[PDB]
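Virtual Cβ from ideal backbone geometry, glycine too; neighbours counted across all protein chains shown. FYI, it's all coordinate maths here, none of it is from the lab.
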Amino acid sequence: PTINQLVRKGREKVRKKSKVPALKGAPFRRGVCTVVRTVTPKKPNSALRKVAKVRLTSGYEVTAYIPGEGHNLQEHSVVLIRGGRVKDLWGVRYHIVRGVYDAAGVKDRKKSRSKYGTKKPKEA
Amino acid sequence: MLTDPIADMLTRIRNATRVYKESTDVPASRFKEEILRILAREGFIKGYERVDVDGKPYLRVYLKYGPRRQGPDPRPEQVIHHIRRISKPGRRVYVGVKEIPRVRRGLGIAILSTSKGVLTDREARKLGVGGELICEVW
RNA sequence: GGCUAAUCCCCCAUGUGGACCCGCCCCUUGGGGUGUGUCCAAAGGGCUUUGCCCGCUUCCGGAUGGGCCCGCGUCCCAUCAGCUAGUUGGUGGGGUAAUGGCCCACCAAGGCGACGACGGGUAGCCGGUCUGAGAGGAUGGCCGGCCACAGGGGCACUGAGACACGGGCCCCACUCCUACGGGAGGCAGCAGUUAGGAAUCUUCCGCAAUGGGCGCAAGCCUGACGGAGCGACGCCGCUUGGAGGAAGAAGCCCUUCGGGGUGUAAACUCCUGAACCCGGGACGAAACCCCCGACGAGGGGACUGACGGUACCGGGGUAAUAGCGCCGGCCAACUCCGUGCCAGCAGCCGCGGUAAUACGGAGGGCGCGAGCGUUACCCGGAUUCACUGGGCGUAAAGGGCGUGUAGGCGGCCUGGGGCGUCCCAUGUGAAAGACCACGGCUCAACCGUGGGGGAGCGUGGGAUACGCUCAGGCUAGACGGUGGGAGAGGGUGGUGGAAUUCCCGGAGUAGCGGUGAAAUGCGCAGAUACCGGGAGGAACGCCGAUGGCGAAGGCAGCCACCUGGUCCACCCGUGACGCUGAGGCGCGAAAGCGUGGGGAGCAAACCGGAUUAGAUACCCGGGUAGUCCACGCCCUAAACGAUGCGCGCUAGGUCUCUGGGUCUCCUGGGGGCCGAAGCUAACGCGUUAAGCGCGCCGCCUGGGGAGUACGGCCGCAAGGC
RNA sequence: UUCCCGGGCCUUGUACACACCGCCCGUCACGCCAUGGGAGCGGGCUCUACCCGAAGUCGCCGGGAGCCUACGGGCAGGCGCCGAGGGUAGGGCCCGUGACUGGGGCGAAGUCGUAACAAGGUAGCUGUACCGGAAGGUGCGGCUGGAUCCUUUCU
Ligand SMILES: [Mg+2]
Ligand SMILES: [Mg+2]
Ligand SMILES: [Mg+2]
Ligand SMILES: [Mg+2]
Ligand SMILES: [Mg+2]
Ligand SMILES: [Mg+2]
Ligand SMILES: [Mg+2]
Ligand SMILES: [Mg+2]
Ligand SMILES: [Mg+2]
Ligand SMILES: [Mg+2]
Ligand SMILES: [Mg+2]
Ligand SMILES: [Mg+2]
Ligand SMILES: [Mg+2]
Ligand SMILES: [Mg+2]
Ligand SMILES: [Mg+2]
Ligand SMILES: [Mg+2]
Ligand SMILES: [Mg+2]
Ligand SMILES: [Mg+2]
Ligand SMILES: [Mg+2]
Ligand SMILES: [Mg+2]
Ligand SMILES: [Mg+2]
Ligand SMILES: [Mg+2]
Ligand SMILES: [Mg+2]
Ligand SMILES: [Mg+2]
Ligand SMILES: [Mg+2]
Ligand SMILES: [Mg+2]
Ligand SMILES: [Mg+2]
Ligand SMILES: [Mg+2]
Ligand SMILES: [Mg+2]
Ligand SMILES: [Mg+2]
Ligand SMILES: [Mg+2]
Ligand SMILES: [Mg+2]
Ligand SMILES: [Mg+2]
Ligand SMILES: [Mg+2]
Ligand SMILES: [Mg+2]
Ligand SMILES: [Mg+2]
Ligand SMILES: [Mg+2]
Ligand SMILES: [Mg+2]
Ligand SMILES: [Mg+2]
Ligand SMILES: [Mg+2]
Ligand SMILES: [Mg+2]
Ligand SMILES: [Mg+2]
Ligand SMILES: [Mg+2]
Ligand SMILES: [Mg+2]
Ligand SMILES: [Mg+2]
Ligand SMILES: [Mg+2]
Ligand SMILES: [Mg+2]
Ligand SMILES: [Mg+2]
Ligand SMILES: [Mg+2]
Ligand SMILES: [Mg+2]
Ligand SMILES: [Mg+2]
Ligand SMILES: [Mg+2]
Ligand SMILES: [Mg+2]
Ligand SMILES: [Mg+2]
Ligand SMILES: [Mg+2]
Ligand SMILES: [Mg+2]
Ligand SMILES: [Mg+2]
Ligand SMILES: [Mg+2]
Ligand SMILES: [Mg+2]
Ligand SMILES: [Mg+2]
Ligand SMILES: [Mg+2]
Ligand SMILES: [Mg+2]
Ligand SMILES: [Mg+2]
Ligand SMILES: [Mg+2]
Ligand SMILES: [Mg+2]
Ligand SMILES: [Mg+2]
Ligand SMILES: [Mg+2]
Ligand SMILES: [Mg+2]
Ligand SMILES: [Mg+2]
Ligand SMILES: [Mg+2]
Ligand SMILES: [Mg+2]
Ligand SMILES: [Mg+2]
Ligand SMILES: [Mg+2]
Ligand SMILES: [Mg+2]
Ligand SMILES: [Mg+2]
Ligand SMILES: [Mg+2]
Ligand SMILES: [Mg+2]
Ligand SMILES: [Mg+2]
Ligand SMILES: [Mg+2]
Ligand SMILES: [Mg+2]
Ligand SMILES: [Mg+2]
Ligand SMILES: [Mg+2]
Ligand SMILES: [Mg+2]
Ligand SMILES: [Mg+2]
Ligand SMILES: [Mg+2]
Ligand SMILES: [Mg+2]
Ligand SMILES: [Mg+2]
Ligand SMILES: [Mg+2]
Ligand SMILES: [Mg+2]
Ligand SMILES: [Mg+2]
Ligand SMILES: [Mg+2]
Ligand SMILES: [Mg+2]
Ligand SMILES: [Mg+2]
Ligand SMILES: [Mg+2]
Ligand SMILES: [Mg+2]
Ligand SMILES: [Mg+2]
Ligand SMILES: [Mg+2]
Ligand SMILES: [Mg+2]
Ligand SMILES: [Mg+2]
Ligand SMILES: [Mg+2]
Ligand SMILES: [Mg+2]
Ligand SMILES: [Mg+2]
Ligand SMILES: [Mg+2]
Ligand SMILES: [Mg+2]
Ligand SMILES: [Mg+2]
Ligand SMILES: [Mg+2]
Ligand SMILES: [Mg+2]
Ligand SMILES: [Mg+2]
Ligand SMILES: [Mg+2]
Ligand SMILES: [Mg+2]
Ligand SMILES: [Mg+2]
Ligand SMILES: [Mg+2]
Ligand SMILES: [Mg+2]
Ligand SMILES: [Mg+2]
Ligand SMILES: [Mg+2]
Ligand SMILES: [Mg+2]
Ligand SMILES: [Mg+2]
Ligand SMILES: [Mg+2]
Ligand SMILES: [Mg+2]
Ligand SMILES: [Mg+2]
Ligand SMILES: [Mg+2]
Ligand SMILES: [Mg+2]
Ligand SMILES: [Mg+2]
Ligand SMILES: [Mg+2]
Ligand SMILES: [Mg+2]
Ligand SMILES: [Mg+2]
Ligand SMILES: [Mg+2]
Ligand SMILES: [Mg+2]
Ligand SMILES: [Mg+2]
Ligand SMILES: [Mg+2]
Ligand SMILES: [Mg+2]
Ligand SMILES: [Mg+2]
Ligand SMILES: [Mg+2]
Ligand SMILES: [Mg+2]
Ligand SMILES: [Mg+2]
Ligand SMILES: [Mg+2]
Ligand SMILES: [Mg+2]
Ligand SMILES: [Mg+2]
Ligand SMILES: [Mg+2]
Ligand SMILES: [Mg+2]
Ligand SMILES: [Mg+2]
Ligand SMILES: [Mg+2]
Ligand SMILES: [Mg+2]
Ligand SMILES: [Mg+2]
Ligand SMILES: [Mg+2]
Ligand SMILES: [Mg+2]
Ligand SMILES: [Mg+2]
Ligand SMILES: [Mg+2]
Ligand SMILES: [Mg+2]
Ligand SMILES: [Mg+2]
Ligand SMILES: [Mg+2]
Ligand SMILES: [Mg+2]
Ligand SMILES: [Mg+2]
Ligand SMILES: [Mg+2]
Ligand SMILES: [Mg+2]
Ligand SMILES: [Mg+2]
Ligand SMILES: [Mg+2]
Ligand SMILES: [Mg+2]
Ligand SMILES: [Mg+2]
Ligand SMILES: [Mg+2]
Ligand SMILES: [Mg+2]
Ligand SMILES: [Mg+2]
Ligand SMILES: [Mg+2]
Ligand SMILES: [Mg+2]
Ligand SMILES: [Mg+2]
Ligand SMILES: [Mg+2]
């Protein structure tokens with residue numbers, strides 16, 4: 001474009017969309033499960049993936065993944081939502097956070113425990 | 001019509017050199033002649049003269065090259081390896097004195113046209129003035 | 001209703017001076033002087049009361065604080081294109097400290113807008129901050145500056161100052177009081193409660209310091225403030241020991257059963273001595289006051305801590321917290337077991353469907369370390385909005401073509417000006433931050449002191465190359481003159497032949513037609529094939545090209561008139577009159593729409609015949625709109641060179657059309673093909689650029705959703721932009 | 001040497017590359033997210049015309065119609081303009097809700113066709129137009145971004 005054209009028109013700054021309406025921008029929101037369920041993954045894999053539909057304090061309702069192995073959660077559990085998607089499942093944009101609220105940590109889990117919300121094992 | 005005569009000089013020169021001519025006629029004006037004076041002084045051209053062509057006056061810019069070469073491509077190095085306009089009609093450019101540019105870490109130039117006359121980079125610094133930044137050459 | 005004091009209120013007086021009307025002078029927007037006329041002051045209190053301190057009045061200047069006004073800068077949407085009645089100016093007037101439609105009456109009919117008015121969306125702004133190599137992007141928490149608001153809306157009073165957060169009136173919502181009449185509230189002040197949320201502290205100490213209000217002072221007030229408490233929220237310092245100690249215990253790990261690993265790690269040896277115990281124990285603090293001198297200066301001169309018995313100095317003294325992520329690649333770190341498309345992992349690529357360095361533990365390893373990971377958000381990377389710094393022949397991207405408005409851009413020579421541009425001087429660019437240096441807490445973080453820098457804007461001075469500009473030349477661009485050319489360029493009328501169809505006539509039988517084969521259809525009302533005559537419509541064989549003309553779409557018989565563009569020669573005329581072109585306006589294949597004609601052949605739809613597994617298709621036979629014309633709409637396209645216009649530069653060779661030449665050839669101007677240099681991802685391009693440059697317009701920014709939705713505008717509709 | 005099969009060499013087109021026992025398009029069915037439209041409803045706001053109008057400032061009255069008076073005037077009170085807001089009648093504005101529905105886009109993967117890629121078996125694409133609810137057929141015109149000089153599906 002000429003310069004007179006850049007003066008006339010000028011470059012367009014570029015917007016972006018938030019891959020997450022947790023809305024509120026907040027780093028997490030609290031919400032209450034509706035469905036706790038399983039689903040069938042996308043094409044390249046096969047498995048049973050545990051997930052909860054949730055009502056969120058944001059006036060917002062979403063399927064959210066339940067990471068770890070052992071999960072307790074049921075239809076009235078109240079849980080804290082994380083953000084991050086499960087690439088092979090449909091419509092799950094967020095993660096549940098273990099150890100917080102009703103979702104408890106992964107029991108028997110010795111290795112990556114910041115994630116998975118599991119306290120430290122004792123020793124003698 | 002011709003449109004930026006000074007670009008058109010520098011260009012006539014760029015082409016001329018790449019096809020290795022001995023000389024070229026750029027149609028003439030005191031400003032081009034001044035641009036050239038500086039080129040000669042600085043060692044880029046051999047020199048230039050004023051000629052007439054079917055009556056209408058030009059400038060022969062005689063051209064400088066490297067010596068001949070080794071292997072495939074005997075074509076000699078260029079003396080003006082690079083020539084380009086900077087200020088143009090439609091975007092004019094002016095440097096203050098403290099903005100005048102270091103061209104190829106000094107081995108090239110910048111023709112500034114100042115209120116003191118047309119000078120090189122260093123020439124303007126040592127002179128202490130700013131101007132319309134015409135081209136860089138190297 | 002009644003009493004009464006004052007530095008409360010009022011009236012005379014004095015007039016230093018001041019206000020105001022009219023005159024004069026100077027100055028120049030309402031600045032200053034002056035004359036006359038008019039109007040204007042005051043408060044007392046305390047002492048050692050004979051003199052001073054505290055105040056009071058009118059004025060002049062100062063200082064500091066502000067009001068108002070102007071240039072410039074200050075986000076997204078044009079799917080917001082028009083907005084405007086005090087609205088735009090004026091005269092008089094009200095108001096104010098003061099200009100002002102700020103307000104009011106009367107008069108004019110203006111003001112604003114693509115240089116984005118109006119509308120809608122978001123938003124306190126800046127100093128600065130984060131990010132970035134920079135340009136730039138993002139942001140504006142704390143500290144400093146300005147603004148604005150104090151439950152929502154309106155309003156004024158008081159005052160130097162407010163339209164007043166802890167002042168007042170009214171309306172509205174809500175909480176509380178209520179003898180139902182009516183009243184009371186206003187933490188976005190320090191704490192604290194409550195809700196909401198992912199989440200954000202103590203209803204602490206102190207007036208010692210600093211600052212502020214009142215006070216002659218003593219002194220009161222101060223949730224400003226100085227401190228303490230809470231939370232790894234951030235930064236910075238610090239500890240979890242130091243040295244010696246196996247050719248290397250045990251356990252645990254692999255193992256090729258030889259061994260390798262954990263690992264100098266531990267045990268143990270020895271030394272220091274975080275915590276903690278003991279004593280001392282701050283600066284911050286010298287004023288206000290005291291006295292002498294005169295309540296000055298000067299001089300001495302004593303009282304005054306929240307933090308705190310804290311920081312710190314001395315003494316004594318104990319081996320005395322480690323965690324978190326990660327180890328398939330990007331990426332530093334690999335092995336065994338377990339699970340077997342499960343359980344799970346997952347930022348992207350992609351792991352797991354029996355040997356998994358990717359899942360889960362374990363050994364070991366890497367990275368950090370009182371942290372370490374996660375999510376969210378910002379910049380970076382991203383030269384992926386490209387000013388620095390990108391593109392559009394086939395990748396996304398040249399607008400279908402043109403005319404031409406605003407706008408952008410502008411050959412050569414000289415002169416004036418000096419607006420851009422440049423230089424110097426100076427003002428400004430607060431402080432804090434940032435950069436430099438030194439210093440203060442044992443260091444740093446943190447702080448102080450000094451230095452330096454700085455775009456921008458004010459003023460003064462200066463330069464004149466380029467850019468503006470004004471005046472004057474020029475002729476190389478552009479236009480013109482004359483003479484000559486080629487052409488399916490356009491419009492209008494005419495007219496020629498071939499062919500088809502049809503009708504008439506003659507002659508002549510038994511089929512014709514059509515296909516891979518067939519059938520439908522036609523044919524004894526005599527078709528086909530043949531000869532002659534007529535009617536009508538549409539299209540123009542050969543020439544014809546690898547050709548020409550046009551801006552594009554597009555344009556073919558011949559003739560004449562009307563008419564556009566264009567090339568060459570001559571070098572004659574004007575004298576930069578130029579290029580581009582958002583908006584506009586006009587053209588714009590075919591199909592399609594309206595009205596009216598026309599209708600030979602062809603032919604969407606349709607009817608039939610075949611064919612196939614079915615046929616709705618290809619193939620056959622019929623056939624309607626339509627194709628043609630006039631006029632009026634529609635405005636699309638592979639509207640193709642998938643290549644915007646103009647100009648300048650950069651080997652040649654070859655074929656051609658068409659001018660001019662001294663016509664083996666040269667020289668303009670078109671059309672092609674090869675190929676310099678160069679470009680290009682490649683293919684290709686290559687004086688008919690996709691090369692090298694400059695100007696201006698159009699356009700692009702992953703695929704699908706989709707040229708969809710919605711809004712607008714056009715259109716008769718179809719549908720278009 | 002035409003044909004059937006298997007093969008060698010050059011060349012050409014290609015969207016195939018587990019390579020034509022390849023690719024792939026659409027329809028109906030079925031499982032998901034999200035959109036428009038959407039009648040009315042619930043409500044927030046703003047504009048205009050009219051109407052009612054608290055406070056308060058200003059303006060006028062301020063009268064043998066009140067209070068003060070030094071008769072100069074002052075206050076009370078009255079009326080008025082302006083006016084926060086309220087009601088009445090229509091234009092948009094945004095949010096919420098929604099009977100009704102439009103396709104959509106992947107997604108288990110079934111359904112019948114074979115439209116495109118090889119001259120995809122009728123060369124393809126294309127603006128349009130009529131048809132078939134299937135890819136689609138056909139008409140007119142255009143493009144080359146087309147190969148080489150009866151039919152016959154799928155894996
Ligand atoms: Mg699978
Ligand atoms: Mg010379
Ligand atoms: Mg530049
Ligand atoms: Mg009384
Ligand atoms: Mg009383
Ligand atoms: Mg008084
Ligand atoms: Mg008096
Ligand atoms: Mg006097
Ligand atoms: Mg005067
Ligand atoms: Mg007097
Ligand atoms: Mg008195
Ligand atoms: Mg004063
Ligand atoms: Mg001022
Ligand atoms: Mg402004
Ligand atoms: Mg009005
Ligand atoms: Mg008025
Ligand atoms: Mg006035
Ligand atoms: Mg303007
Ligand atoms: Mg706001
Ligand atoms: Mg902001
Ligand atoms: Mg930096
Ligand atoms: Mg960068
Ligand atoms: Mg950038
Ligand atoms: Mg900024
Ligand atoms: Mg900002
Ligand atoms: Mg602020
Ligand atoms: Mg602040
Ligand atoms: Mg200010
Ligand atoms: Mg308010
Ligand atoms: Mg409140
Ligand atoms: Mg209010
Ligand atoms: Mg006062
Ligand atoms: Mg006032
Ligand atoms: Mg206020
Ligand atoms: Mg309060
Ligand atoms: Mg009250
Ligand atoms: Mg709560
Ligand atoms: Mg605090
Ligand atoms: Mg104090
Ligand atoms: Mg005293
Ligand atoms: Mg008090
Ligand atoms: Mg404090
Ligand atoms: Mg924490
Ligand atoms: Mg630290
Ligand atoms: Mg040791
Ligand atoms: Mg061992
Ligand atoms: Mg010891
Ligand atoms: Mg002291
Ligand atoms: Mg002290
Ligand atoms: Mg003292
Ligand atoms: Mg004394
Ligand atoms: Mg003293
Ligand atoms: Mg003293
Ligand atoms: Mg004191
Ligand atoms: Mg103490
Ligand atoms: Mg000690
Ligand atoms: Mg000791
Ligand atoms: Mg130890
Ligand atoms: Mg690695
Ligand atoms: Mg993992
Ligand atoms: Mg196994
Ligand atoms: Mg294994
Ligand atoms: Mg395997
Ligand atoms: Mg592993
Ligand atoms: Mg991994
Ligand atoms: Mg692992
Ligand atoms: Mg480990
Ligand atoms: Mg952290
Ligand atoms: Mg980024
Ligand atoms: Mg650029
Ligand atoms: Mg720049
Ligand atoms: Mg690009
Ligand atoms: Mg393509
Ligand atoms: Mg393209
Ligand atoms: Mg084009
Ligand atoms: Mg196009
Ligand atoms: Mg033009
Ligand atoms: Mg113009
Ligand atoms: Mg010029
Ligand atoms: Mg100047
Ligand atoms: Mg300065
Ligand atoms: Mg500073
Ligand atoms: Mg500081
Ligand atoms: Mg500092
Ligand atoms: Mg130091
Ligand atoms: Mg100046
Ligand atoms: Mg001069
Ligand atoms: Mg000049
Ligand atoms: Mg001069
Ligand atoms: Mg100009
Ligand atoms: Mg002239
Ligand atoms: Mg002449
Ligand atoms: Mg002529
Ligand atoms: Mg013609
Ligand atoms: Mg005939
Ligand atoms: Mg007959
Ligand atoms: Mg007969
Ligand atoms: Mg028959
Ligand atoms: Mg019959
Ligand atoms: Mg018969
Ligand atoms: Mg019959
Ligand atoms: Mg005949
Ligand atoms: Mg007829
Ligand atoms: Mg005839
Ligand atoms: Mg022909
Ligand atoms: Mg054509
Ligand atoms: Mg002609
Ligand atoms: Mg001639
Ligand atoms: Mg002449
Ligand atoms: Mg002349
Ligand atoms: Mg146009
Ligand atoms: Mg048309
Ligand atoms: Mg037509
Ligand atoms: Mg029709
Ligand atoms: Mg018609
Ligand atoms: Mg008709
Ligand atoms: Mg026919
Ligand atoms: Mg037919
Ligand atoms: Mg049929
Ligand atoms: Mg078949
Ligand atoms: Mg049939
Ligand atoms: Mg019809
Ligand atoms: Mg027509
Ligand atoms: Mg271009
Ligand atoms: Mg000739
Ligand atoms: Mg042509
Ligand atoms: Mg040529
Ligand atoms: Mg040629
Ligand atoms: Mg070529
Ligand atoms: Mg080459
Ligand atoms: Mg290039
Ligand atoms: Mg060119
Ligand atoms: Mg290119
Ligand atoms: Mg577009
Ligand atoms: Mg997309
Ligand atoms: Mg798109
Ligand atoms: Mg369309
Ligand atoms: Mg819309
Ligand atoms: Mg529409
Ligand atoms: Mg309509
Ligand atoms: Mg259409
Ligand atoms: Mg419509
Ligand atoms: Mg064979
Ligand atoms: Mg062989
Ligand atoms: Mg092909
Ligand atoms: Mg190939
Ligand atoms: Mg395959
Ligand atoms: Mg096949
Ligand atoms: Mg299917
Ligand atoms: Mg729905
Ligand atoms: Mg009223
Ligand atoms: Mg009233
Ligand atoms: Mg009035
Ligand atoms: Mg009276
Ligand atoms: Mg009254
Ligand atoms: Mg009213
Ligand atoms: Mg096919
Ligand atoms: Mg087809
Ligand atoms: Mg085909
Ligand atoms: Mg077929
Ligand atoms: Mg066919
Ligand atoms: Mg059909
Ligand atoms: Mg068609
Ligand atoms: Mg065709
Ligand atoms: Mg093609
Ligand atoms: Mg199939």
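Taken one residue at a time, the phi angles of segment B:104-120 give Karplus couplings (6.51, -1.76, 1.60, θ = phi - 60°) of 6, 6, x, 6, x, 10, 9, 7, 9, 9, 10, 6, 9, x, 8, 9, 7 Hz. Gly and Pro are set to x.
The residue among A:1, A:80, A:121 whose Cα reaches farthest toward the positive pole of the charge dipole of the protein assembly as shown, with charges on the beta-carbon of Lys, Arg, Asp and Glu, is A:121.
Computed from the C-beta positions of residue B:52 and residue B:18, the FRET efficiency with R₀ = 22 Å rounds to 0.25. Computing Rg and the Kirkwood Rh from the Cα coordinates of chain B gives a ratio, Rg/Rh, of 0.99.
Mind listing which trypsin sites (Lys or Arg not before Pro) in segment B:70-113 are in a DSSP loop and have 16 or fewer other Cβ atoms within 10 Å?
Working: sites: B:84, B:85, B:91, B:92, B:98, B:102, B:104, B:105; in loops: B:92, B:98, B:102.
Sites meeting the loop and neighbour criteria: B:92, B:98, B:102.
When the Cα atoms of chain A are aligned to their principal axes, the ranges along those axes come out at 76, 36, 34 Å in descending order.
Order these by the 10 Å Cβ neighbour count, fewest first: B:9, B:1.
B:1, B:9
With neighbours defined as other Cβ atoms within 10 Å of a residue's Cβ, the residues A:115, B:126 order from fewest to most as B:126, A:115. Taking amide H positions as modeled 1.01 Å from N, with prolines and chain starts lacking one, the residues under 5 Å from residue A:116 and 5 or more places away or on another chain are A:98.
Listed by Cβ neighbour count within 10 Å, with the fewest neighbours leading, B:23, A:77 appear as B:23, A:77.
Helical runs assigned H by DSSP (4 residues or longer) give chain A a calculated mean residue ellipticity at 222 nm of -1000 deg cm²/dmol, each run adding -39500 (n - 2.57) before division by the residue total. Rounded, prolate or oblate: which fits segment A:1-49, taking a ≥ b ≥ c as square roots of the Cα gyration tensor eigenvalues, rounded meaning a/c under 1.5, else prolate when a/b beats b/c? Judged from the Cα gyration tensor, segment A:1-49 comes out oblate (a/c at least 1.5, b/c at or above a/b).
Straight-line cross-link partners of residue A:120 among the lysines, defined as a Cα under 29 Å from its Cα and at least 8 positions apart when in the same chain: A:50, A:107, A:110, A:111. Scanning residues 5 or more positions from residue B:63 or on other chains, those with amide H under 5 Å from its amide H are B:23, B:46, with H placed 1.01 Å from N in the peptide plane.
Using Cα-Cα distances under 8 Å and only pairs 6 or more residues apart, what relative contact order does chain A have, in percent? Intermediate values should be presented prior to the final figure.
Values: 233 pairs, mean separation 25.0, N = 124.
That works out to 20 percent.
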